[PDB]
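The structure under discussion appears below in the form of structure tokens.
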Amino acid sequence: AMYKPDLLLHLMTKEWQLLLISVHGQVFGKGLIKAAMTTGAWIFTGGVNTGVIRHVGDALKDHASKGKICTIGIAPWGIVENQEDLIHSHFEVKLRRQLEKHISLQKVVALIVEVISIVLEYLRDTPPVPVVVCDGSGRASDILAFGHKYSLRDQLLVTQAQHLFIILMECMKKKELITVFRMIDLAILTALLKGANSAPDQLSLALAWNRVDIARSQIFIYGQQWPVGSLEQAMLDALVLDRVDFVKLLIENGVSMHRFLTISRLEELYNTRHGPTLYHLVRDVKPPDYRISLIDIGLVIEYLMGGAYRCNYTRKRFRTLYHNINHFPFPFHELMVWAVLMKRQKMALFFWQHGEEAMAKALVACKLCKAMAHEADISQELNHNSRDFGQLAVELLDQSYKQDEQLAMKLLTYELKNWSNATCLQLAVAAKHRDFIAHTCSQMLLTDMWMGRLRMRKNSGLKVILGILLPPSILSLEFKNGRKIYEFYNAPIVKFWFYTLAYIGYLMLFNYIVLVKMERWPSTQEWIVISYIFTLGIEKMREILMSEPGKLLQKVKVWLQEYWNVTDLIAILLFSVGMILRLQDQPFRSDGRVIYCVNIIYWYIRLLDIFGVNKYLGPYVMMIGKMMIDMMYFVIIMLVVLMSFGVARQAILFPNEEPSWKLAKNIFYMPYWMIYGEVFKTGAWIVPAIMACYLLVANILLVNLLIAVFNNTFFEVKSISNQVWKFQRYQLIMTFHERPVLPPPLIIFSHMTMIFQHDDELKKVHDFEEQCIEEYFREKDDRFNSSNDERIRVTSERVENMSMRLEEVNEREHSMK
Ligand SMILES: CC(=O)[C@H]1CC[C@H]2[C@@H]3CC=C4C[C@@H](OS(=O)(=O)O)CC[C@]4(C)[C@H]3CC[C@]12C
Ligand SMILES: Cc1cc(NC(=O)[C@H](c2ccccc2)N2CCCc3ccccc32)no1
């Protein structure tokens with residue numbers, strides 16, 4: 001601790017380097033310390049520990065160490081027992097007065113503990129006089145009695161009398177100036193507010209305090225001024241600040257967000273740095289302190305969302321309009337987007353508590369959180385923020401299904417003008433939130449879509465196979481379970497079976513072609529295969545062409561994300577090259593045949609991407625994909641172990657040898673029978689036997705290690721494959737549904753046909769969503785309040801208070817008797 005108003009204050013502050021509080025003289029004391037610590041106002045108290053300071057110090061030792069409030073301790077120098085030591089922290093009266101005046105000057109609280117003349121002089125001098133009432137007897141007690149009474153002279157004489165009467169009259173002259181204290185933080189806040197004495201100034205002081213509960217009492221009053229313009233600035237400051245209860249009070253105070261929302265205000269909010277990766281991300285997507293506008297924010301939003309996405313504000317027309325009402329029809333959407341952008345979670349939760357199309361916003365937030373984490377505390381927010389948003393969306397879906405299955409199904413799928421017309425399912429898939437898709441309602445909708453118009457659900461595979469095999473007879477009956485045949489064909493399941501059968505036929509023809517013979521000119525089967533590939537290429541080019549979003553230049557970039565499509569293109573190119581080489585005479589025909597012979601391997605393996613649909617078949621594919629990398633890593637160990645012994649054995653043998661580029665085969669031969677025979681002057685025979693035995697042991701060791709590795713990996717994969725399988729169904733269904741009805745070799749005519757061809761419900765849905773969210777909040781609150789842990793705490797607190805009251809009442813009963 002460190003030990004002429006201006007000069008004295010400067011000297012005291014220099015050594016210590018530290019409104020106002022001053023004490024002149026358990027729960028209340030603790031509350032006062034908490035208020036002082038929160039405000040940070042230095043407490044002016046006597047420097048002598050004994051007396052009132054002892055009571056002050058008892059509470060100070062309670063929680064001072066547990067901000068280090070710069071309490072001011074002033075005591076006479078002569079009182080110091082040791083002069084050398086004399087020469088609380090930063091350790092006369094006029095100095096305090098002028099220090100208070102200086103503090104008040106910049107854009108003054110006194111507490112009495114057990115004096116009256118000093119209080120009166122301070123009240124007269126300083127414009128404010130908010131003296132804190134003192135329960136202890138003395139001059140403060142007399143002042144409090146005089147203030148309450150506003151008879152008195154006789155009592156004062158019974159308890160000098162003339163001086164007391166004069167002091168009481170002087171206090172009455174400044175009646176209501178002295179702070180009234182009655183059995184603490186709220187009372188202190190009210191006293192400080194009264195001492196400060198414009199409505200915007202009071203609102204700013206309350207916001208600075210941040211005590212929403214205390215601030216409400218001061219702000220809440222009738223016949224207030226509320227000058228125009230102050231409310232907007234206060235709301236802007238509150239939104240910039242992390243305070244939430246203040247914003248809620250503004251909303252309940254009559255402040256309209258729709259009226260508040262404006263382009264300039266939002267731009268200033270976005271470009272502000274007064275708060276807790278937006279800048280770096282914007283710079284990368286897009287210039288220090290560069291003026292950020294809605295256009296750039298929308299552009300970075302679209303960047304983060306992914307390809308084939310759009311934003312209502314993130315569009316060229318919006319940018320042109322901004323460059324050239326000016327009120328967002330749905331301010332909550334933009335506010336929530338910003339709140340999640342700047343990593344403000346509680347405000348995002350509150351905004352989501354009140355909004356239209358909450359489920360869509362929640363899924364977008366989960367997508368944004370994951371994307372931000374991947375692009376980039378980052379691990380912490382990714383695990384919590386994105387997961388929490390997804391869980392909220394799942395809970396909302398579950399509640400809606402309970403309230404109404406049909407309405408939940410309808411809500412799941414409907415165009416959103418705000419979000420570039422993307423349904424909830426598409427957003428969930430983009431976010432890869434398997435939980436949302438795994439829900440019963442989503443699976444039911446996917447099954448209904450997959451079955452198409454036909455309602456059959458028993459022996460579906462056999463029925464589809466029969467319908468494909470026997471159209472004219474099957475279709476008429478299958479329609480119940482003309483137009484019936486057409487709607488049967490248009491169903492995705494029959495398209496899937498049609499494509500599967502066509503692919504099987506193509507495979508059989510390919511096997512028959514390459515496997516037998518070759519001639520100068522290709523046979524009919526090779527022509528059929530070439531037609532297959534040509535039609536498939538036409539289909540791929542058409543699919544890319546219909547992938548219009550992003551224009552022609554930016555359509556291929558998104559379309560290229562899928563690996564299987566790129567592999568298909570590569571295989572098509574290699575097949576075409578091989579076919580071209582085939583018709584180049586015998587010397588080139590023989591060399592080119594092998595290329596498209598090897599090309600068959602890709603087509604046989606492409607069925608794996610289609611074998612993930614089945615419930616019992618996808619786990620095998622997933623396990624293979626997982627174990628590929630494990631085998632890759634195992635190969636290194638296998639080589640390191642085996643090659644050493646192989647090289648040693650080879651070197652021991654063939655002492656005289658020439659390289660001839662033919663040692664790799666010798667080392668890598670690794671024969672079992674030959675080594676075993678080699679196993680069974682003296683040392684030259686012993687050493688090779690030892691080498692052979694070591695190799696033989698190592699082989700089986702590695703084999704068993706591989707077996708164990710595969711078993712463990714398969715178990716780990718199977719623990720999750722069942723849950724994972726459901727996700728791919730939506731992709732498959734939405735893929736086959738869009739595709740035309742004819743097989744790949746026959747869609748050539750399909751393209752010809754294509755060329756030849758060329759609000760109350762919304763209000764009800766909004767009301768249902770509002771009711772669902774309100775019910776969710778009510779249920780959450782009721783369940784939490786009914787928890788045993790909370791009830792036990794409540795009972796314990798009530799018991800303590802009830803017991804204390806009973807004990808006090810016991811003394812009264814004894815006195816009465
Ligand atoms: C681990 C091994 O044992 C391998 C790894 C690198 C291999 C070497 C690569 C370079 C050549 C050049 C060649 O000369 S030449 O006239 O035949 O071209 C002879 C063969 C030789 C010496 C190979 C011998 C086997 C290796 C040492
Ligand atoms: C089983 C199975 C295989 C399969 N193969 C196709 O459907 C189709 C195709 C057609 C002829 C030869 C090779 C492949 N192919 C691959 C995947 C889906 C698709 C989408 C647009 C254009 C082509 C295409 N479907 O189920």
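By order of appearance in the structure tokens: chains A, B, ..., then residues from 1 within every chain, and ligands from 1 in the order shown.
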
Practice item. May I have the residues within 12 Å of residue 122 (chain A) as a PyMOL selection string, using only C-alpha atoms and disregarding those fewer than 4 positions away in the same chain? Key: chain A and resi 93-94+96-98+100-101+108-110+115-118+126-131+171+174+177-178

Those selected residues, please, written with N, CA and C atoms and delivered as a PDB file, in the first residue's frame.
ATOM      1  N   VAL A  93      -9.424  18.124   5.061  1.00  0.00           N
ATOM      2  CA  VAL A  93     -10.845  18.049   4.736  1.00  0.00           C
ATOM      3  C   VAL A  93     -11.148  18.855   3.480  1.00  0.00           C
ATOM      4  N   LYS A  94     -10.580  20.058   3.372  1.00  0.00           N
ATOM      5  CA  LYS A  94     -10.765  20.851   2.160  1.00  0.00           C
ATOM      6  C   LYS A  94     -10.211  20.128   0.941  1.00  0.00           C
ATOM      7  N   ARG A  96     -10.343  16.896   0.487  1.00  0.00           N
ATOM      8  CA  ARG A  96     -11.411  15.970   0.129  1.00  0.00           C
ATOM      9  C   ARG A  96     -12.560  16.694  -0.562  1.00  0.00           C
ATOM     10  N   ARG A  97     -12.938  17.870  -0.055  1.00  0.00           N
ATOM     11  CA  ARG A  97     -14.022  18.629  -0.670  1.00  0.00           C
ATOM     12  C   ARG A  97     -13.707  18.955  -2.124  1.00  0.00           C
ATOM     13  N   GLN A  98     -12.511  19.485  -2.379  1.00  0.00           N
ATOM     14  CA  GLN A  98     -12.169  19.883  -3.739  1.00  0.00           C
ATOM     15  C   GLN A  98     -11.914  18.679  -4.637  1.00  0.00           C
ATOM     16  N   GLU A 100     -13.708  15.922  -4.392  1.00  0.00           N
ATOM     17  CA  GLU A 100     -15.080  15.589  -4.760  1.00  0.00           C
ATOM     18  C   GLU A 100     -15.596  16.531  -5.839  1.00  0.00           C
ATOM     19  N   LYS A 101     -15.300  17.826  -5.707  1.00  0.00           N
ATOM     20  CA  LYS A 101     -15.723  18.785  -6.723  1.00  0.00           C
ATOM     21  C   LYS A 101     -15.106  18.459  -8.079  1.00  0.00           C
ATOM     22  N   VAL A 108     -19.824  11.408  -5.933  1.00  0.00           N
ATOM     23  CA  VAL A 108     -19.947  12.142  -4.681  1.00  0.00           C
ATOM     24  C   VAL A 108     -20.959  11.456  -3.770  1.00  0.00           C
ATOM     25  N   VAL A 109     -20.548  10.342  -3.171  1.00  0.00           N
ATOM     26  CA  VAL A 109     -21.387   9.565  -2.267  1.00  0.00           C
ATOM     27  C   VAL A 109     -20.712   9.529  -0.905  1.00  0.00           C
ATOM     28  N   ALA A 110     -21.475   9.839   0.140  1.00  0.00           N
ATOM     29  CA  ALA A 110     -20.969   9.864   1.506  1.00  0.00           C
ATOM     30  C   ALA A 110     -21.776   8.895   2.355  1.00  0.00           C
ATOM     31  N   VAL A 115     -19.801  15.656  13.039  1.00  0.00           N
ATOM     32  CA  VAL A 115     -20.317  14.782  11.994  1.00  0.00           C
ATOM     33  C   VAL A 115     -21.512  15.437  11.312  1.00  0.00           C
ATOM     34  N   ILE A 116     -22.514  15.810  12.111  1.00  0.00           N
ATOM     35  CA  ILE A 116     -23.701  16.455  11.559  1.00  0.00           C
ATOM     36  C   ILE A 116     -23.332  17.786  10.918  1.00  0.00           C
ATOM     37  N   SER A 117     -22.474  18.565  11.582  1.00  0.00           N
ATOM     38  CA  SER A 117     -22.051  19.842  11.019  1.00  0.00           C
ATOM     39  C   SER A 117     -21.292  19.642   9.713  1.00  0.00           C
ATOM     40  N   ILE A 118     -20.419  18.634   9.661  1.00  0.00           N
ATOM     41  CA  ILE A 118     -19.677  18.358   8.434  1.00  0.00           C
ATOM     42  C   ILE A 118     -20.631  17.962   7.316  1.00  0.00           C
ATOM     43  N   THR A 126     -21.478  21.411  -1.850  1.00  0.00           N
ATOM     44  CA  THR A 126     -21.665  20.637  -3.067  1.00  0.00           C
ATOM     45  C   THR A 126     -23.114  20.749  -3.540  1.00  0.00           C
ATOM     46  N   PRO A 127     -23.352  20.848  -4.846  1.00  0.00           N
ATOM     47  CA  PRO A 127     -24.734  20.876  -5.343  1.00  0.00           C
ATOM     48  C   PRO A 127     -25.510  19.650  -4.895  1.00  0.00           C
ATOM     49  N   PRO A 128     -24.894  18.466  -4.893  1.00  0.00           N
ATOM     50  CA  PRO A 128     -25.578  17.293  -4.343  1.00  0.00           C
ATOM     51  C   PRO A 128     -25.275  17.089  -2.868  1.00  0.00           C
ATOM     52  N   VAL A 129     -26.223  16.459  -2.185  1.00  0.00           N
ATOM     53  CA  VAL A 129     -26.073  16.154  -0.765  1.00  0.00           C
ATOM     54  C   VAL A 129     -26.724  14.810  -0.462  1.00  0.00           C
ATOM     55  N   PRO A 130     -26.309  13.717  -1.111  1.00  0.00           N
ATOM     56  CA  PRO A 130     -26.948  12.412  -0.874  1.00  0.00           C
ATOM     57  C   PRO A 130     -26.286  11.640   0.267  1.00  0.00           C
ATOM     58  N   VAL A 131     -26.428  12.161   1.485  1.00  0.00           N
ATOM     59  CA  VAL A 131     -25.824  11.520   2.646  1.00  0.00           C
ATOM     60  C   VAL A 131     -26.554  10.215   2.935  1.00  0.00           C
ATOM     61  N   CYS A 171     -31.313  20.769   7.878  1.00  0.00           N
ATOM     62  CA  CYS A 171     -31.586  19.577   7.083  1.00  0.00           C
ATOM     63  C   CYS A 171     -32.955  19.664   6.421  1.00  0.00           C
ATOM     64  N   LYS A 174     -32.916  21.581   3.262  1.00  0.00           N
ATOM     65  CA  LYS A 174     -32.494  20.727   2.154  1.00  0.00           C
ATOM     66  C   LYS A 174     -33.211  19.383   2.188  1.00  0.00           C
ATOM     67  N   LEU A 177     -32.813  16.045   0.077  1.00  0.00           N
ATOM     68  CA  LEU A 177     -31.471  16.006  -0.490  1.00  0.00           C
ATOM     69  C   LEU A 177     -30.652  14.880   0.128  1.00  0.00           C
ATOM     70  N   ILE A 178     -30.769  14.690   1.442  1.00  0.00           N
ATOM     71  CA  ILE A 178     -30.020  13.642   2.123  1.00  0.00           C
ATOM     72  C   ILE A 178     -30.582  12.285   1.729  1.00  0.00           C
TER      73      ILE A 178
END

Point to revise | Spatial neighbours of residue 742 (chain A), 8 Å, only C-alpha atoms, chain gap at least 4 places, as a ChimeraX atom specification | key: /A:495,498,746-747,750

Practice item. List every residue of region 115-270 of chain A that DSSP, applied to the backbone of this structure, assigns to helix (DSSP H, G or I), and report them as a PyMOL selection string. Key: chain A and resi 116-125+139-149+152-158+161-173+185-196+199-209+212-219+230-240+245-252+257-260+263-270

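For the choices A:659, A:761, A:666, A:786, the atom-to-atom distance to ligand 1 is smallest for A:659 when using only C-alpha atoms and all ligand atoms.
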
Review point. Which residues form the shell of 6 Å around ligand 2 when you count only C-alpha atoms and all ligand atoms, given as a count of residues only?
Key: 9

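Minimum atom-to-atom distances from A:694, A:180, A:467, A:244 to residue 211 (chain A) were compared using only C-alpha atoms, and the lowest value belongs to A:244.
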
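Candidate residues A:121, A:609, A:738, A:800 were compared for distance to residue 449 (chain A), and the nearest is A:738, using only C-alpha atoms.
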
Point to revise | Neighbourhood of ligand 1 at 8 Å, counting only C-alpha atoms and all ligand atoms, reported as a ChimeraX atom specification | key: /A:643,647,659-664,667

Could you write those residues out with N, CA, C and O atoms, as a PDB file, in the first residue's frame?
ATOM      1  N   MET A 643      11.932 -56.055 -45.689  1.00  0.00           N
ATOM      2  CA  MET A 643      12.990 -55.755 -46.646  1.00  0.00           C
ATOM      3  C   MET A 643      14.368 -55.921 -46.021  1.00  0.00           C
ATOM      4  O   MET A 643      15.307 -56.360 -46.690  1.00  0.00           O
ATOM      5  N   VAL A 647      17.011 -58.426 -47.694  1.00  0.00           N
ATOM      6  CA  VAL A 647      18.288 -57.939 -48.202  1.00  0.00           C
ATOM      7  C   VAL A 647      19.439 -58.670 -47.533  1.00  0.00           C
ATOM      8  O   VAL A 647      20.422 -59.036 -48.187  1.00  0.00           O
ATOM      9  N   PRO A 659      24.820 -56.376 -60.786  1.00  0.00           N
ATOM     10  CA  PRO A 659      23.495 -55.795 -60.521  1.00  0.00           C
ATOM     11  C   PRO A 659      22.439 -56.216 -61.532  1.00  0.00           C
ATOM     12  O   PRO A 659      21.419 -56.810 -61.166  1.00  0.00           O
ATOM     13  N   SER A 660      22.669 -55.912 -62.808  1.00  0.00           N
ATOM     14  CA  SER A 660      21.766 -56.289 -63.899  1.00  0.00           C
ATOM     15  C   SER A 660      20.315 -55.877 -63.639  1.00  0.00           C
ATOM     16  O   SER A 660      19.398 -56.386 -64.290  1.00  0.00           O
ATOM     17  N   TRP A 661      20.080 -54.960 -62.701  1.00  0.00           N
ATOM     18  CA  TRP A 661      18.738 -54.431 -62.446  1.00  0.00           C
ATOM     19  C   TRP A 661      17.745 -55.547 -62.127  1.00  0.00           C
ATOM     20  O   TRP A 661      16.563 -55.471 -62.468  1.00  0.00           O
ATOM     21  N   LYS A 662      18.224 -56.596 -61.450  1.00  0.00           N
ATOM     22  CA  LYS A 662      17.391 -57.769 -61.206  1.00  0.00           C
ATOM     23  C   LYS A 662      17.560 -58.303 -59.789  1.00  0.00           C
ATOM     24  O   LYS A 662      17.658 -59.520 -59.589  1.00  0.00           O
ATOM     25  N   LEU A 663      17.600 -57.415 -58.795  1.00  0.00           N
ATOM     26  CA  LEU A 663      17.660 -57.815 -57.394  1.00  0.00           C
ATOM     27  C   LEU A 663      16.343 -57.615 -56.663  1.00  0.00           C
ATOM     28  O   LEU A 663      16.096 -58.291 -55.657  1.00  0.00           O
ATOM     29  N   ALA A 664      15.496 -56.700 -57.144  1.00  0.00           N
ATOM     30  CA  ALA A 664      14.222 -56.455 -56.477  1.00  0.00           C
ATOM     31  C   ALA A 664      13.377 -57.720 -56.437  1.00  0.00           C
ATOM     32  O   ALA A 664      12.775 -58.042 -55.406  1.00  0.00           O
ATOM     33  N   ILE A 667      14.848 -60.125 -53.745  1.00  0.00           N
ATOM     34  CA  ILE A 667      14.587 -59.748 -52.357  1.00  0.00           C
ATOM     35  C   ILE A 667      13.105 -59.888 -52.028  1.00  0.00           C
ATOM     36  O   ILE A 667      12.740 -60.343 -50.937  1.00  0.00           O
TER      37      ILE A 667
END

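Neighbours of residue 30 (chain A) closer than or equal to 12 Å, with only C-alpha atoms counted and sequence neighbours fewer than 2 positions away skipped, come out as residues 26, 27, 28, 32, 33, 34, 35, 36, 37, 55, 56, 57, 58, 59, 60, 61, 62, 63, 64, 184 and 185 of chain A.
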
Okay, now the selection with N, CA and C atoms, as a PDB file, in the first residue's frame?
ATOM      1  N   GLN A  26     -23.927  -7.317   8.734  1.00  0.00           N
ATOM      2  CA  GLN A  26     -22.912  -7.963   7.911  1.00  0.00           C
ATOM      3  C   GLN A  26     -23.357  -8.028   6.454  1.00  0.00           C
ATOM      4  N   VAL A  27     -24.633  -8.357   6.242  1.00  0.00           N
ATOM      5  CA  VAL A  27     -25.159  -8.438   4.882  1.00  0.00           C
ATOM      6  C   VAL A  27     -25.090  -7.076   4.207  1.00  0.00           C
ATOM      7  N   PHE A  28     -25.471  -6.019   4.928  1.00  0.00           N
ATOM      8  CA  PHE A  28     -25.399  -4.676   4.360  1.00  0.00           C
ATOM      9  C   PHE A  28     -23.961  -4.299   4.027  1.00  0.00           C
ATOM     10  N   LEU A  32     -22.513  -3.383   0.342  1.00  0.00           N
ATOM     11  CA  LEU A  32     -21.836  -2.123   0.056  1.00  0.00           C
ATOM     12  C   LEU A  32     -20.495  -2.364  -0.624  1.00  0.00           C
ATOM     13  N   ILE A  33     -19.736  -3.352  -0.148  1.00  0.00           N
ATOM     14  CA  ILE A  33     -18.455  -3.670  -0.771  1.00  0.00           C
ATOM     15  C   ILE A  33     -18.664  -4.138  -2.205  1.00  0.00           C
ATOM     16  N   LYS A  34     -19.666  -4.991  -2.430  1.00  0.00           N
ATOM     17  CA  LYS A  34     -19.938  -5.460  -3.784  1.00  0.00           C
ATOM     18  C   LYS A  34     -20.284  -4.300  -4.707  1.00  0.00           C
ATOM     19  N   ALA A  35     -21.113  -3.367  -4.234  1.00  0.00           N
ATOM     20  CA  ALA A  35     -21.435  -2.195  -5.038  1.00  0.00           C
ATOM     21  C   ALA A  35     -20.192  -1.353  -5.302  1.00  0.00           C
ATOM     22  N   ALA A  36     -19.359  -1.156  -4.278  1.00  0.00           N
ATOM     23  CA  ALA A  36     -18.146  -0.364  -4.458  1.00  0.00           C
ATOM     24  C   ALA A  36     -17.192  -1.033  -5.438  1.00  0.00           C
ATOM     25  N   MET A  37     -17.019  -2.351  -5.321  1.00  0.00           N
ATOM     26  CA  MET A  37     -16.122  -3.059  -6.230  1.00  0.00           C
ATOM     27  C   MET A  37     -16.616  -2.968  -7.667  1.00  0.00           C
ATOM     28  N   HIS A  55     -14.911  -2.089  12.011  1.00  0.00           N
ATOM     29  CA  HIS A  55     -16.063  -2.684  11.344  1.00  0.00           C
ATOM     30  C   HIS A  55     -15.878  -2.682   9.832  1.00  0.00           C
ATOM     31  N   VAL A  56     -15.371  -1.577   9.282  1.00  0.00           N
ATOM     32  CA  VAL A  56     -15.122  -1.508   7.845  1.00  0.00           C
ATOM     33  C   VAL A  56     -14.074  -2.536   7.441  1.00  0.00           C
ATOM     34  N   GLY A  57     -12.991  -2.638   8.214  1.00  0.00           N
ATOM     35  CA  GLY A  57     -11.936  -3.582   7.895  1.00  0.00           C
ATOM     36  C   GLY A  57     -12.350  -5.031   8.025  1.00  0.00           C
ATOM     37  N   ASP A  58     -13.288  -5.333   8.927  1.00  0.00           N
ATOM     38  CA  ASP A  58     -13.758  -6.706   9.069  1.00  0.00           C
ATOM     39  C   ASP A  58     -14.398  -7.194   7.775  1.00  0.00           C
ATOM     40  N   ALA A  59     -15.237  -6.358   7.161  1.00  0.00           N
ATOM     41  CA  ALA A  59     -15.821  -6.716   5.874  1.00  0.00           C
ATOM     42  C   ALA A  59     -14.793  -6.634   4.754  1.00  0.00           C
ATOM     43  N   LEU A  60     -13.847  -5.696   4.847  1.00  0.00           N
ATOM     44  CA  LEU A  60     -12.809  -5.590   3.828  1.00  0.00           C
ATOM     45  C   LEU A  60     -11.982  -6.868   3.763  1.00  0.00           C
ATOM     46  N   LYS A  61     -11.557  -7.377   4.921  1.00  0.00           N
ATOM     47  CA  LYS A  61     -10.812  -8.630   4.937  1.00  0.00           C
ATOM     48  C   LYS A  61     -11.669  -9.792   4.454  1.00  0.00           C
ATOM     49  N   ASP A  62     -12.994  -9.635   4.485  1.00  0.00           N
ATOM     50  CA  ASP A  62     -13.881 -10.719   4.079  1.00  0.00           C
ATOM     51  C   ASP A  62     -13.727 -11.042   2.595  1.00  0.00           C
ATOM     52  N   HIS A  63     -13.733 -10.014   1.738  1.00  0.00           N
ATOM     53  CA  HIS A  63     -13.741 -10.237   0.297  1.00  0.00           C
ATOM     54  C   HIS A  63     -12.872  -9.273  -0.502  1.00  0.00           C
ATOM     55  N   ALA A  64     -12.073  -8.418   0.140  1.00  0.00           N
ATOM     56  CA  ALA A  64     -11.228  -7.500  -0.619  1.00  0.00           C
ATOM     57  C   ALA A  64     -10.214  -8.260  -1.466  1.00  0.00           C
ATOM     58  N   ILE A 184     -29.354  -3.591  -0.258  1.00  0.00           N
ATOM     59  CA  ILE A 184     -28.642  -2.345  -0.006  1.00  0.00           C
ATOM     60  C   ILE A 184     -28.107  -1.775  -1.314  1.00  0.00           C
ATOM     61  N   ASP A 185     -27.759  -2.664  -2.247  1.00  0.00           N
ATOM     62  CA  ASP A 185     -27.219  -2.215  -3.527  1.00  0.00           C
ATOM     63  C   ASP A 185     -28.229  -1.360  -4.282  1.00  0.00           C
TER      64      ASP A 185
END

Review point. Which polymer residues have any atom within 9 Å of an atom of residue 266 (chain A), counting only C-alpha atoms, with same-chain residues fewer than 4 positions away left out, as JSON, numbers by chain?
Key: {"A": [261, 262, 270, 271, 293, 294, 335]}

Keeping only N, CA and C atoms, write those residues as a JSON list (two decimals), in the first residue's frame.
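Written output follows (part.json):
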[["chain", "number", "residue", "atom", "x", "y", "z"],
["A", 261, "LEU", "N", -34.17, -0.22, -36.99],
["A", 261, "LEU", "CA", -33.31, -0.76, -38.03],
["A", 261, "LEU", "C", -33.14, 0.24, -39.17],
["A", 262, "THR", "N", -31.90, 0.44, -39.59],
["A", 262, "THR", "CA", -31.59, 1.33, -40.70],
["A", 262, "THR", "C", -30.25, 0.91, -41.29],
["A", 270, "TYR", "N", -21.64, -2.99, -37.93],
["A", 270, "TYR", "CA", -20.75, -3.98, -38.53],
["A", 270, "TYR", "C", -19.30, -3.51, -38.50],
["A", 271, "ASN", "N", -19.07, -2.23, -38.79],
["A", 271, "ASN", "CA", -17.71, -1.72, -38.89],
["A", 271, "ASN", "C", -17.09, -1.37, -37.54],
["A", 293, "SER", "N", -19.80, -2.68, -45.87],
["A", 293, "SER", "CA", -21.17, -2.43, -46.29],
["A", 293, "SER", "C", -21.91, -3.75, -46.40],
["A", 294, "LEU", "N", -23.24, -3.65, -46.56],
["A", 294, "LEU", "CA", -24.06, -4.85, -46.64],
["A", 294, "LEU", "C", -23.64, -5.74, -47.80],
["A", 335, "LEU", "N", -30.16, -9.42, -37.73],
["A", 335, "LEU", "CA", -29.58, -9.28, -36.40],
["A", 335, "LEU", "C", -28.98, -10.59, -35.92]]

Practice item. Using only C-alpha atoms, determine which residues lie at most 12 Å from residue 142 (chain A), disregarding the query and same-chain residues fewer than 5 positions distant; provide the list as a PyMOL selection string. Key: chain A and resi 114-117+133-137+147-150+152-153+155-157+159-161+163-169+171

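Using only C-alpha atoms for every distance, the candidate list A:680, A:350, A:596, A:736 yields A:736 as the residue closest to residue 496 (chain A).
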
Practice item. Can you work out the spacing between CA of residue 143 (chain A) and CA of residue 197 (chain A) in Å, to one decimal? Key: 22.3 Å

Who sits within 9 Å of residue 555 (chain A), only C-alpha atoms, same chain under 6 positions skipped, as a compact mmCIF listing (two decimals) with N, CA, C and O atoms, in the first residue's frame:
# COMPACT_ATOMS: atom_id res chain seq x y z
N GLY A 307 -21.15 -23.49 -52.17
CA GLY A 307 -21.55 -23.31 -53.55
C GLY A 307 -23.05 -23.50 -53.75
O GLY A 307 -23.75 -24.09 -52.93
N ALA A 308 -23.53 -22.98 -54.88
CA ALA A 308 -24.94 -23.08 -55.24
C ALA A 308 -25.83 -22.53 -54.13
O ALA A 308 -26.88 -23.09 -53.81
N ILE A 544 -24.70 -30.77 -66.29
CA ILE A 544 -23.88 -29.59 -66.01
C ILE A 544 -24.57 -28.33 -66.54
O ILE A 544 -24.56 -27.28 -65.89
N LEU A 545 -25.16 -28.42 -67.73
CA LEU A 545 -25.83 -27.26 -68.31
C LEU A 545 -26.98 -26.79 -67.41
O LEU A 545 -27.14 -25.59 -67.17
N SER A 547 -27.06 -27.11 -64.35
CA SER A 547 -26.43 -26.55 -63.16
C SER A 547 -26.04 -25.09 -63.43
O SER A 547 -24.88 -24.70 -63.43
N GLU A 548 -27.07 -24.28 -63.67
CA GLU A 548 -26.92 -22.89 -64.05
C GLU A 548 -26.44 -21.98 -62.92
O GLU A 548 -25.66 -21.05 -63.20
N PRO A 549 -26.86 -22.16 -61.67
CA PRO A 549 -26.51 -21.16 -60.65
C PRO A 549 -25.01 -20.92 -60.58
O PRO A 549 -24.21 -21.86 -60.58

Point to revise | residue 434 (chain A) surroundings by only C-alpha atoms, 10 Å radius, close-in-sequence under 3 positions cut, as a ChimeraX atom specification | key: /A:390,428-429,431,437-439,723-728

Point to revise | Interatomic distance, CA of residue 181 (chain A) to CA of residue 132 (chain A) (Å, one decimal) | key: 6.1 Å

Practice item. Give me, please, the distance in Å between CA of residue 215 (chain A) and CA of residue 252 (chain A), quoted to one decimal. Key: 13.8 Å
